[PDB]
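Below is one structure, written out as structure tokens; comments come after it.
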Amino acid sequence: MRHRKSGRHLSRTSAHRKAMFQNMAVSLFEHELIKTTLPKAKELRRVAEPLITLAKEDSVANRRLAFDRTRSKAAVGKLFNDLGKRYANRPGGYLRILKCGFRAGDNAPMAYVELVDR
Amino acid sequence: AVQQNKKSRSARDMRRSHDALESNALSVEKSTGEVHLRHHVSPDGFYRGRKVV
Amino acid sequence: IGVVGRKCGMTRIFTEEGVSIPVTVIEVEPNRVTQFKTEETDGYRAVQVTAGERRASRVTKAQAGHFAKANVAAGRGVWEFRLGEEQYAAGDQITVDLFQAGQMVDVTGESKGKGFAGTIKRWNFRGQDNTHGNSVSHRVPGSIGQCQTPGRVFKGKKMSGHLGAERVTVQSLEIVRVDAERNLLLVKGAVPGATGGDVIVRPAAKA
Amino acid sequence: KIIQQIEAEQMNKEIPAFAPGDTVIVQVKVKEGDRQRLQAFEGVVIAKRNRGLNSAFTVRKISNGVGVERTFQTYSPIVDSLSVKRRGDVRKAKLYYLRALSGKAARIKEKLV
Amino acid sequence: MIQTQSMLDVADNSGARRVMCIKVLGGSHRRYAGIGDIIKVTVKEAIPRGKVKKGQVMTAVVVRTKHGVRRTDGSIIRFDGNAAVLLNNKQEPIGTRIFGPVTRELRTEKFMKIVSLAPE
RNA sequence: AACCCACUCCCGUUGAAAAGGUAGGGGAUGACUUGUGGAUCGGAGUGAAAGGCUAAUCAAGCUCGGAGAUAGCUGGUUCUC
RNA sequence: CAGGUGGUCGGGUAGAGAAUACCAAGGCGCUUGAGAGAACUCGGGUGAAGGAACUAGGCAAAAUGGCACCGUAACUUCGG
RNA sequence: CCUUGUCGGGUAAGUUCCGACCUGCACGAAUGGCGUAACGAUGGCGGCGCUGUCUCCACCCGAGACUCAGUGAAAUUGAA
RNA sequence: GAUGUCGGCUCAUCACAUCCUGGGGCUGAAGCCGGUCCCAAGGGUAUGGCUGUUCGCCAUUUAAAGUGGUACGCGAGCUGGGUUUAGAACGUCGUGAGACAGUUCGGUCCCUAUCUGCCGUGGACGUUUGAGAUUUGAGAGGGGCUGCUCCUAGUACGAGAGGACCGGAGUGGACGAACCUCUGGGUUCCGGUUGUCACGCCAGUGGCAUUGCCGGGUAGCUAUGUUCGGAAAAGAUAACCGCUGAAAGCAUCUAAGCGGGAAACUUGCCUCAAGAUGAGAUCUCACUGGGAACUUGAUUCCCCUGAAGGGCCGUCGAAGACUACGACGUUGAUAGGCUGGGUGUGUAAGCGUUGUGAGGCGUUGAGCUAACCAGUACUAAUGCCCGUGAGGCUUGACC
């Protein structure tokens, strides 16, 4: 019925869905522009920004909290050294989503995700 | 279940009268004079007069 | 005549004796009078009453000229009330102060709406078993009609479809407190709708 | 903000600070036979705050060979007094694992003196 | 107790140890019985000698339940275990001494007897 | 447990399948299971026996001849006055 | 084409174990995808207070389950 | 057969079950007659534990049903 | 050249020859109870034991546990216990194959809905110029039940026992609608822990094992929770009770005249309702260009002009299968983020200590916190298409 319920299923089981948004984020903090699907971009913007907010405070406890939800050395190295310092005076709203046509094979509406200053 | 009599030319064509098409979201880019869909990135990669890709 | 409110939430207040009174809190914007329908042009005898604060881009020029015969300068919604005999002239803020403590009232809202409901939820329609040999049909409806002799299904049957955001009134509730400073009516009971809905409060029919 | 502002006026302080795992004693008003009096009810607290959401707790007493438990509303005009006779560490805020155990097994441990 | 075929013990001295509900008295089909209601029991397990023999239709009142009683407050009393008190042909109790607590909610027109012998 | 077998429920019935599947079951050193090669055939074989099996066919296979079998029985029988 | 098809090889950590859970060598992502999150159908998870009242029938589900020691009935072909 | 024969037990209540009577329409001795420990995916009753079987269903997780793009059947049919 | 048979479940609809409640002649009706017959179909109308059973016989209730029709309602809605093909055995009959309107154990229930019938929900057009918003109600539905106490009053009645009518006040049951403040129930938030693989190792943590197995639990949803409802009254009547009164000097409720009269009928209360083609009513807003052809309610074309508005599109919604509805698009708090709270969980890691060690303690109410509240432009809500140009003609009132 979902009155006032938030979050969408995307027809994947919950262990898949956890381990896919961990993997779209870890590729966004390498290339800084991703051509992805439009409902998968509307829910990427609720996973990626508590990584950028977290990066603004360096700590051994924060670098362990960061590693334990985007489990990669290179993404933790890319935060805390470049990002978090570049967005040091931005009160939220770190990304943007630009709709861009449709997929050829299906009609899946696409979107770009892009960091805001680059 | 199956039918008992077949459907004529009239009652077959009446069914598919509600099945037409629509495409109306076309918009002209102010700068480059290129045509694209409203609220979408143009195929040369311009959104509201700014190169993004 | 009644007042158009807005459902805000359920609370609970205590008598100092020890009992609890479940209370539904209703916010009242002061209600302007748009027009006054006399019996001579219109037949019946009624008023128009308006609650405020809609942006001045969404009013059409048909409406914006309609709220300029009286200087109402109106917001969302325009409701009408049929009244016996009274005199309301041009624009007069009808406030909460018509009511007192006691004062059996009627409250009309819509409801929360459930999408497309089966016969068990809709009509309280006890279902077949679960074990003991049963096929795919575990909570489907039963049979519909009789055999050959009516041949048809009979109008008014109880099948399934869309539980309502239909308009429902609850009747004969009582007012616990009237607050003119924060503009509240406190009503003991349940009030139909969701929080943030729209609610009309009439003095009671039966009484 | 409007039911959050009414609910400041019913609340006038009656209770002290306490946790689960405590042995409270509660003085409740008893109106029967046209005379008001008090009554003491002492047991061990197992459920804590905002239990609906307006602040109700729960206390387990071992009566004449028979268990009983009683859920109190905090800001009622019936719950009058509340004193704290003993306190200890439980670690696990809800003690519903004492609806089974009964004797020397249901001793609240004492890390906390 | 609260349904037909609900095993529940007694809170009484003269009686039998366990009884079982067979009929909830009252209306057309009352399905449940709270604290303070008349049920009709069969005697399922008797003490080697008391007063009541095994296998006899009696009448009882319900005095303790694990679902609780609810006063005009949010405040509820909730025991553990179910308990009944047998009655005579007339509704007056059979035994002498009642075991364990009762509630104050039971005291009424006809039940000033058992709340005397109660201690609560 | 491999392995052979088929007691129950539900799903499937235009099936994924002209007899399966997922869960549970029985035997599991022997009156066992099985690979290769051979023997027994149509009023005739085989059978711890059910009228069971003998190439998705069995109270007597499959195929070609006698044969365009016989049908007091059904169905059909075509341009005008 | 979820079926059928004889024989060898068969590592690591726990385990009596070729059972079972995670992995090495090696191999694969089952040749239609994207949405949204109605009834109803299928395969599942938890449940107040009762505890067979269901039904042709406790069918089905739930429960039980290990190793060591203590302890063990009528009955018997004297093994059980 | 008449028949839920009659009598006792078990249940608040027992056309089934257990024990007897014998008035066997129509038991009976190798088409065997009466007993019998251990074994049955065997038939019928009773009990403890246990439970969404049920009073009476409420909620959550997956795969379909629904919408969009690609491909694209079937039985049935005198005419509407 | 097929109309699937008994009982159960689910869902029902009509009759009245009434089981309950409502009104009432007579009684061999003192009172409480009854018996019997006229009027009445509005709402109700039991859980179990035993049997394949309907039926029945029992135990316990209740205001009462109604009798029939609807292929002995209902298998393209369920079951398959009964009759039920192939197996096997008993008793009887036949020399035999075999059989019995005798018993007993075992045994496959097929379908994707084309036409009404429909229950929900939209598209087209219409309503005589076009919009926006609010409405009368023709007509149709929904609902309708009842106990026990207590006062009247232990009064009337009666040897006594026993005990009321009319009226009033309470608070229960069964059914319904709404609603989460409370009392609970409920998977992606926070912990504990088992086996193993990994991140170079120690620490810390993350995969897979049904959510690995469990303890708790916010929002939403929900009942077993919370609140509310069934009227009062008005009309016209049924059975019945009459008042005046003739025909028929009297009598007579009727022929004329005049009343009382029940849950049934019509309003009364809740909802839909102008496709009510009879297409209603109010208030307010918009638009005041030419030209030619052929034929003049003038029709048709050409050109300028496109307003009130609406739609596409975007952000969404306690609205939703799709639609539709509702809120908003920089005139900006519509959704995400951010900053403070609130709630939950149960005192993080790292360091410092204590100890040979697992552990304790300082660390310490710590840290993390989904759906909630308040604020804040940080990111995303950037033209085009439909719709025109003063609204026919007859009559009457009318300068």
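Given E:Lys44, E:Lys23, E:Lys40, which one is part of a strand (DSSP E or B) and away from RNA strand I (no atom under 13 Å from the Cβ)?
Only one candidate passes the filter, namely E:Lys44.
Hey, could you check the stretch E:13-37 for residues that are away from every other protein chain (no Cβ under 14 Å), surrounded by 21 or more Cβ atoms within 10 Å (Cβ to Cβ) and more than 10 Å from RNA strand H (Cβ to nearest atom) and say which is farthest from E:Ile98 (Cα to Cα)?
E:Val24
I'd like to verify a number: residues in the stretch D:4-27 that are β-branched (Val, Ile, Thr), surrounded by fewer than 18 Cβ atoms within 10 Å (Cβ to Cβ) and farther than 30 Å from D:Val113 by Cβ, how many?
So the count comes out to 0.
Of everything in the stretch C:164-179, what is surrounded by 13 or more Cβ atoms within 10 Å (Cβ to Cβ) and either within 12 Å of chain D (Cβ to nearest Cβ) or of a type outside the set (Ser, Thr, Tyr) (or both)? Give them in sequence order.
C:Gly164, C:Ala165, C:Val168, C:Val170, C:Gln171, C:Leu173, C:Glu174, C:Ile175, C:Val176, C:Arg177, C:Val178, C:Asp179
List every residue pair whose Cβ atoms lie under 8 Å apart, where the two residues are 6 or more positions apart in sequence or sit on different chains, the first residue falls within the stretch D:99-110 and is closer than 14 Å to D:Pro20 by Cβ, and the second residue, located anywhere, is part of a loop (DSSP other than H, G, I, E, B) and among the hydrophobic types (A, V, I, L, M, F, W, C).
What qualifies is D:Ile108/D:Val90; D:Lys109/D:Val90.
Among the residues of the stretch C:147-169, are any within 19 Å of the chain's Cα centre (by Cα), β-branched (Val, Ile, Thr) and more than 11 Å from RNA strand G (Cβ to nearest atom)?
For the stretch C:147-169, residues within 19 Å of the chain's Cα centre (by Cα), β-branched (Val, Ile, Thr) and more than 11 Å from RNA strand G (Cβ to nearest atom): present.
Is at least one residue of the stretch A:12-24 more than 30 Å from B:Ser42 (Cα to Cα), more than 14 Å from every other protein chain (Cβ to nearest Cβ), buried (at least 16 other Cβ atoms within 10 Å of the Cβ) and more than 16 Å from RNA strand H (Cβ to nearest atom)?
No, every residue in the stretch A:12-24 fails to be more than 30 Å from B:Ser42 (Cα to Cα), more than 14 Å from every other protein chain (Cβ to nearest Cβ), buried (at least 16 other Cβ atoms within 10 Å of the Cβ) and more than 16 Å from RNA strand H (Cβ to nearest atom).
Name the pairs whose Cβ atoms lie under 7 Å apart, with the first residue in the stretch E:73-90 and within 11 Å of chain D (Cβ to nearest Cβ) and farther than 13 Å from E:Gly36 by Cα, the second basic (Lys, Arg) and assigned to a strand (DSSP E or B), and 6 or more positions between them or separate chains?
E:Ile76/E:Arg70; E:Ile77/D:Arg70; E:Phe79/E:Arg64; E:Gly81/E:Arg64
Name the residue that is nearest to the other protein chains (Cβ to nearest Cβ), counting only residues in the stretch C:1-10 that are assigned to a strand (DSSP E or B) and touching a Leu at 6+ places or on another chain (Cβ under 8 Å).
The qualifying residue nearest to the other protein chains (Cβ to nearest Cβ) is C:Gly5.
Could you please find all residues in the stretch D:42-57 being more than 7 Å from every other protein chain (Cβ to nearest Cβ) and closer than 23 Å to D:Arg86 by Cα?
D:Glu42, D:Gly43, D:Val44, D:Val45, D:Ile46, D:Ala47, D:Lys48, D:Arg49, D:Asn50, D:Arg51, D:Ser55, D:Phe57
Only one residue in E:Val102, E:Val63, E:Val52 is within 13 Å of chain D (Cβ to nearest Cβ), outside any strand (DSSP E or B) and not acidic (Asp, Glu), so which one is that?
When all the criteria are applied, what remains is E:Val102.
In the stretch A:91-102, what residues are without any contact (Cβ under 8 Å) to a residue 60 or more places away in the chain and within 18 Å of A:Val113 (Cα to Cα)?
Answer for the stretch A:91-102, where residues must be without any contact (Cβ under 8 Å) to a residue 60 or more places away in the chain and within 18 Å of A:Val113 (Cα to Cα): A:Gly92, A:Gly93, A:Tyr94, A:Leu95, A:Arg96, A:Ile97, A:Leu98, A:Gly101, A:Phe102.
Counting only residues that are loosely packed, with under 13 Cβ neighbours inside 10 Å, among the aliphatic types (A, V, I, L, M) and more than 13 Å from chain E (Cβ to nearest Cβ), how many does the stretch D:58-111 have?
Residues in the stretch D:58-111 being loosely packed, with under 13 Cβ neighbours inside 10 Å, among the aliphatic types (A, V, I, L, M) and more than 13 Å from chain E (Cβ to nearest Cβ): 2 in total.
I'm checking my understanding of the structure. Among residues of the stretch D:2-36 that are part of a loop (DSSP other than H, G, I, E, B), more than 13 Å from RNA strand I (Cβ to nearest atom) and on the phi < 0 side of the Ramachandran plot, which one is farthest from the other protein chains (Cβ to nearest Cβ)?
D:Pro16
Looking at the stretch B:32-39, is at least one residue within 16 Å of RNA strand H (Cβ to nearest atom), more than 14 Å from chain A (Cβ to nearest Cβ) and either in a loop (DSSP other than H, G, I, E, B) or without any contact (Cβ under 8 Å) to a residue 40 or more places away in the chain (or both)?
Looking for residues that are within 16 Å of RNA strand H (Cβ to nearest atom), more than 14 Å from chain A (Cβ to nearest Cβ) and either in a loop (DSSP other than H, G, I, E, B) or without any contact (Cβ under 8 Å) to a residue 40 or more places away in the chain (or both), one finds none in the stretch B:32-39, hence no.
Would it be correct to say that C:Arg182 is basic (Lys, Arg), farther than 19 Å from C:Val28 by Cα and loosely packed, with under 15 Cβ neighbours inside 10 Å?
No: the conditions fail for C:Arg182.
Please enumerate the residues belonging to the stretch C:134-163 that are away from every other protein chain (no Cβ under 14 Å) and either touching a residue at least 40 places away in the same chain (Cβ under 8 Å) or within 11 Å of RNA strand H (Cβ to nearest atom) (or both).
C:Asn134, C:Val136, C:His138, C:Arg139, C:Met159, C:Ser160, C:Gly161
If we keep just the residues of the stretch C:24-55 that are closer than 23 Å to D:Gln4 by Cα and in contact with a helix residue (DSSP H, G or I) (Cβ under 9 Å, 6 or more places away or on another chain), which is surrounded by the fewest Cβ atoms within 10 Å (Cβ to Cβ)?
Within the stretch C:24-55, the match that is surrounded by the fewest Cβ atoms within 10 Å (Cβ to Cβ) is C:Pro30.
Within the stretch C:13-27, can one find any residue that is away from chain D (no Cβ under 14 Å), under 24 Å from C:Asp198 (Cβ atoms) and of a type in the set (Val, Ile, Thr)?
No.
Surrounded by fewer than 14 Cβ atoms within 10 Å (Cβ to Cβ) and within 14 Å of chain B (Cβ to nearest Cβ): which single residue out of A:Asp117, A:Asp82, A:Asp68 fits that description?
A:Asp117
So, in the stretch A:57-76, exactly how many residues are under 16 Å from the mean Cα position of the chain (by Cα), more than 7 Å from RNA strand I (Cβ to nearest atom) and free of Cβ contacts under 8 Å to residues at least 24 places away in the same chain?
Within the stretch A:57-76, residues that are under 16 Å from the mean Cα position of the chain (by Cα), more than 7 Å from RNA strand I (Cβ to nearest atom) and free of Cβ contacts under 8 Å to residues at least 24 places away in the same chain number 2.
Of all residues in the stretch A:89-103, how many are more than 18 Å from the chain's Cα centre (by Cα) and away from every other protein chain (no Cβ under 13 Å)?
2
Using the structure shown, decide if D:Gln39 is crowded, with 17+ Cβ neighbours inside 10 Å, within 14 Å of another protein chain (Cβ to nearest Cβ) and of a type in the set (S, T, N, Q).
No, not satisfied.
Find all pairs meeting these conditions: Cβ atoms under 7 angstrom apart; at least six residues apart or on different chains; first residue within the stretch E:29-58 and free of Cβ contacts under 8 Å to residues at least 40 places away in the same chain and closer than 27 Å to E:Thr108 by Cα; second residue near RNA strand I (Cβ under 9 Å from one of its atoms) and among the polar types (S, T, N, Q).
E:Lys40/E:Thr59; E:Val57/E:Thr42
How about the stretch C:34-59: which of its residues are part of a loop (DSSP other than H, G, I, E, B) and among the basic types (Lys, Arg)?
C:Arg45, C:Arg54, C:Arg55, C:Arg58
Reconstructed Cβ throughout: ideal geometry from the backbone, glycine too, with neighbour counts over all protein chains shown. Each reported figure results from applying straightforward, stated rules to the coordinates on display, with no laboratory input.
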